[PDB]
Structures are given as structure tokens and as C-alpha cells.
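> I'd like to ask you about the structure that follows.
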Amino acid sequence: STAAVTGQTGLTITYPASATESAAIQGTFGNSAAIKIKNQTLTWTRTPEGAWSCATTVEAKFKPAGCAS
Amino acid sequence: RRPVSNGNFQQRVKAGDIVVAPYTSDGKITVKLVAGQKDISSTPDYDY
């Protein structure tokens, strides 16, 4: 729906309001997600300079190579 | 070393004199410097 409020409870958007504040898009696993990876969050954080990166708290063997920390 | 002699020291003592002199026994002063490596950067972690 909107960045301020979305139509899904598990999706949160960290919209910056200033030039020196980063942006983050974080989603929490649930519902039809696996019980093992349940309640975990994967976030796509954006630097103020425009750099995009992905981060997650799921186990090492479950992390894809594109989001590996 | 900083040695000092009180003349006929034993003769003075035999006279009963209280004999004392300032003295500095030689000795050693040592400073040791040993290098050390400092972890400037560290990030990628893995589990096994």
C-alpha cells in the first residue's frame, strides 16, 4: 500500500526522512513460511548514498550467496 | 660505579670514628621493545 503503512503485518518499510538517514525494507517470515525459519527477518537496507544491500538472520546454511553477511 | 674511599678507613675505625661515604654500586637499566600485529580489518564470518 504505502511506505508509512503497508497492507501486510510482516512487511515493514524504514523510510528515511533526511539526507543522512538510511533506508531499510525488512520482512518477517510467517504464515506459510517454514517453522524452522519462522519469525526470522530479512532486510534490504539502503545507504544514504544510494547503495543497496541485503541482510538476514537465518542460519548460515540457509543464507543465499546474494545475502550472505 | 661511583666508588669513594675514606682514607685510612680501618685506622679511623680503630680510632672509633663513624665512617660513612656516599656510594653508587654499578647496575643495569634495560628497556625492551617487542613488536605486535594489530587486526586492522575483520568481517567475513562462517560457521562449521
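What follows is calculated from the coordinates using simple rules that are stated; it is not laboratory data. Methodologically, a virtual Cβ is constructed for each residue, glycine included, from the backbone with ideal geometry; neighbour enumeration extends over all protein chains shown.
> Can you tell me which residue in chain B is surrounded by the fewest Cβ atoms within 10 Å (Cβ to Cβ), limited to those that are within 14 Å of chain A (Cβ to nearest Cβ) and aromatic (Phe, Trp, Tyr)?
The residue in question is B:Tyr48.
> Just the residues that are small (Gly, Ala, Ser), surrounded by 13 or more Cβ atoms within 10 Å (Cβ to Cβ) and over 14 Å from the mean Cα position of the chain (by Cα), please, taken from segment A:13-69.
A:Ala33
> Of the residues B:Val34, B:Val13, which is assigned to a loop (DSSP other than H, G, I, E, B) and of a type in the set (A, V, I, L, M, F, W, C)?
B:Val34
> Would you say A:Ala55 is more than 14 Å from chain B (Cβ to nearest Cβ) and either under 28 Å from B:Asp47 (Cα atoms) or aromatic (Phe, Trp, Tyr) (or both)?
no
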